[PDB]
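For the record, the sequence lines run as chains A, B and C. In the numbering used here, each residue's number is its place in the first sequence (first place is 1) plus 211. In the numbering used here, each residue's number is its place in the second sequence (first place is 1) plus 211. In the numbering used here, each residue's number is its place in the third sequence (first place is 1) plus 140. We put the CB at the ideal spot given by N, CA and C, even for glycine. Notes to accompany the following structure.
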Amino acid sequence: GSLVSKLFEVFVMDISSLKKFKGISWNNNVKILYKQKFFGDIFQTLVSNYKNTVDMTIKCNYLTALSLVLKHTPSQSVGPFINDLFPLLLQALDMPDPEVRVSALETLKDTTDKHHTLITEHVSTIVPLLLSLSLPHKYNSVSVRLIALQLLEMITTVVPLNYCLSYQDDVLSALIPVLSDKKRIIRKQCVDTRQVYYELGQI
Amino acid sequence: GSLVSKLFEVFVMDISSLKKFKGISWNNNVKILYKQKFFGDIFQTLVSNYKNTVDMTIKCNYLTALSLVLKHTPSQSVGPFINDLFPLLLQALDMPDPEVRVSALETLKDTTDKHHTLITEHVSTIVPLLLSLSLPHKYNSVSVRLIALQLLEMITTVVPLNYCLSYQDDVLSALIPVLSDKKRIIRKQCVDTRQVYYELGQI
Amino acid sequence: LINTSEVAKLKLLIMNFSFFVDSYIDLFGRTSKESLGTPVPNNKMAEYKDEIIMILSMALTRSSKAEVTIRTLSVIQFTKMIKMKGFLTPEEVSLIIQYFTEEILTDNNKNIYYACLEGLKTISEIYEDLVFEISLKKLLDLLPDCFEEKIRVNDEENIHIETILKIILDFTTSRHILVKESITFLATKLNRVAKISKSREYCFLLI
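Listed below in structure tokens is the structure:
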């Protein structure tokens, strides 16, 4: 099941060779609805199984499978599944592949844009996880840290000032290797993140 | 002069060991105004020399030197020099180091935020250069392409709709390896860039 | 309209000519691929066509390499004068193509570089065989037998081996004869640099 979970991304990917390309019409039996349909067939069972699972292996499998499915399906096109996805969504924020990282960061972006009760009830949990994402690591690429900055900004904008005032100093302190890392868009955006956090806390 | 130009970044950098750090006061003869002052001493002569130069080598030296100086000095803190910098600013958009790339992209961001006559008169020149920046290349990192996307958005926002309508299809067409590259923040932001360009052109 | 190489006098001459080309266009017409050689019956610009051709030729070429505005306006007025229905002979556009190619390989100045690219692309969309014969074939000939050589345009100025590939990528994007013959020649050079030469990046770039 672990191998199947890590290989389960294959079901949902682009082809670049078999779609209803302009010109050709005899290309294949193309159906664009495969992505969404597959998500609607996979997600629900996966999440029910994850909430009905105990150990390292099988829960890691469920997280990896649902993440590798959600990574290729557009996050904004899968809305009804977001609510039950929020637990595994928060789960998928710590694992080696930056692909699932960018995917789950995008999905929290869309969720906090749409959902706010989940964000308000789960901010005390999400914030240090985004902090660890923003920390330099063998798994946190410069782009991954940049995306953690973007999600930090988005969740600070969505969450009311009450919780955001309580989570200003940690972001201001645990970002020093991000506004001084190898790339500079990472540095510029970390400077901007620090400044925006400081101005939101001071006001 | 080429070696001096490529080494000329050293004059302006952070130290991380000799500044007026909190606590210590006997650290050094610290002056924070070194960056800006150095820019004001370097830029002008450099640009006059570049406009008074002919060949591969010496003009490349002037571009590299001014770029390696502007990269460490904050772009928004050097305002009066932007106007004469715009020619070498446009020049610095094609060279191997992604450091000068991010720096010059930031500087066009600040310029087009402030200057608009230069942007309107130079859009027909800048747009295909940003397109080549957005193209995958041995010198265009995924972050570099992301920044080219950001500058494309910023210049499309600043330039009136008249020129922006004329530069919609090229951005929509020459971005296919960016919303499908290895990273996905690059992919997500290229999808967003394509969508925003399409909605701006269609309206 | 007096011969002059001074930046001010020549620049004002060129920007004046930029309005007379528009007047001529509005009075007579513009190019079609069938009207590439057909001239309009009568005008006074025909009596001055030699003078404007000469002034544009000396404004782009036989001029210093530091001219950015002068050479940009030169190639722009060259292209605009080409844009008239059969008022310039294939010899004139051949000379203009040669000027564009020489000044684009000699100078790296991205002003003149991209302005010459624009002129060559407009000639390609208005003159298939002309550009394919003068510019494209020459550019395909600059590249040598072996990879990682200095493409010696002339005695001093040289371009990179990938410069020819980039120029090929620039135009021929909508020119049937150009693109087909370019694909054929690039395949020929791919085969040649794989057989008589030992290169990987050149084969990769060509394919």
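When secondary structure is reduced to three states using DSSP, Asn272(B) falls in the helix class. Close to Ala186(C), with beta-carbon spacing below 9 Å, lies no residue of chain B; the smallest spacing is near 31 Å. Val389(A) has a beta carbon lying at 8 Å or more from every beta carbon in chain B. Its chain contains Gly259 and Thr262 as the residues whose beta carbon lies nearer than 6 Å to that of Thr219(C), once the 5 sequence neighbours on both sides are disregarded; these appear in chain order. By a beta-carbon distance limit of 8 Å, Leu344(B) does not contact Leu279(B). Their separation comes to about 19 Å.
In the assembly as shown, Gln406(B) is an exposed residue. Its beta-carbon has fewer than 16 other beta-carbons within 10 Å. Against chain B, the beta carbon of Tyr253(C) has no neighbour under 7 Å; the closest one sits roughly 10 Å away. DSSP places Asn294(A) within a helical segment (H, G or I) once states are collapsed to three. Counting only the Cα atoms, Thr303(C) lies some 13 Å from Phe287(C). According to the DSSP secondary-structure assignment, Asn298(C) is paired through a beta bridge with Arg292(C). In the structure shown, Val311(B) adopts helical secondary structure according to DSSP, grouped into three states.
Proximity of chain A to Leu357(B) at the Cβ level (cut-off 9 Å) is accounted for by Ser354, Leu357 and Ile396, in chain order. Per DSSP, the continuous alpha helix (DSSP H) segment holding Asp381(A) begins and ends at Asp380 to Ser384. For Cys286(C), the secondary structure class from DSSP, reduced to helix, strand or coil, is coil.
In the pairwise beta carbon analysis, the region 226–234 of chain A is classified as not touching the region 263–278 of chain A: fewer than three pairs are separated by under 8 Å. Within the same chain, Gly226 come within 6 Å of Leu176(C) by CB-CB distance, once the 5 residues on both sides are set aside. The residues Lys325, in chain order, have a CB closer than 8 Å to that of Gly290(B) in the same chain once the five nearest residues on each side in sequence are set aside. For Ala148(C), no Cβ of chain B is located within less than 8 Å of the residue's own Cβ.
Taking a Cβ-Cβ cut-off of 8 Å, the neighbours of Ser314(B) in chain A comprise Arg395, given in sequence order.
Within the model, the alpha-carbon separation for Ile366(B) versus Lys349(B) is close to 25 Å.
Considering only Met224(C), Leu200(C) and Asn251(C), the residue with the shortest C-alpha distance to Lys173(C) is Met224(C). Contact annotation: the region 326–342 of chain B touches the region 367–375 of chain B, with at least three C-beta pairs closer than 8 Å.
Taking 8 Å as the CB threshold, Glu310(A) lines the interface with chain B. Contact annotation: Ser354(B) and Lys394(A) have beta-carbon atoms nearer than 8 Å. Judged by pairs of C-beta atoms under 8 Å, the region 274–282 of chain C touches the region 302–320 of chain C, as three or more such pairs exist. The DSSP assignment places 147–168 and 189–200 as complete runs of the alpha helix (DSSP H) inside the region 143–200 of chain C, in order along the chain (cut-off: 4 residues). Taking a beta-carbon distance threshold of 8 Å, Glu317(A) counts as an interface residue toward chain B.
Cβ contact annotation for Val241(B) (same chain, cutoff 6 Å, sequence separation greater than five): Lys230 and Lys231, in chain order. DSSP places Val289(B) outside both helix and strand once states are collapsed to three, so it counts as coil.
In this structure, the alpha-carbon of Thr241(C) lies about 7 Å from that of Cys256(C). Taking C-alpha positions only, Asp190(C) is separated from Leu235(C) by approximately 13 Å.
Pairwise C-beta distances place the region 356–363 of chain B in contact with the region 380–392 of chain B, as three or more of them are shorter than 8 Å.
Residue contact with chain C for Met306(B): absent (no Cβ-Cβ distance below 8 Å to any residue of chain C). Residues of the same chain with a CB within less than 6 Å of the CB of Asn260(A), apart from the 5 flanking positions on each side, are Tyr273 in chain order. Interface flag for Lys399(A) against chain B is set, since a Cβ pair is found closer than 8 Å.
The beta carbon of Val265(B) falls within 8 Å of a beta carbon belonging to chain C, placing the residue at that interface.
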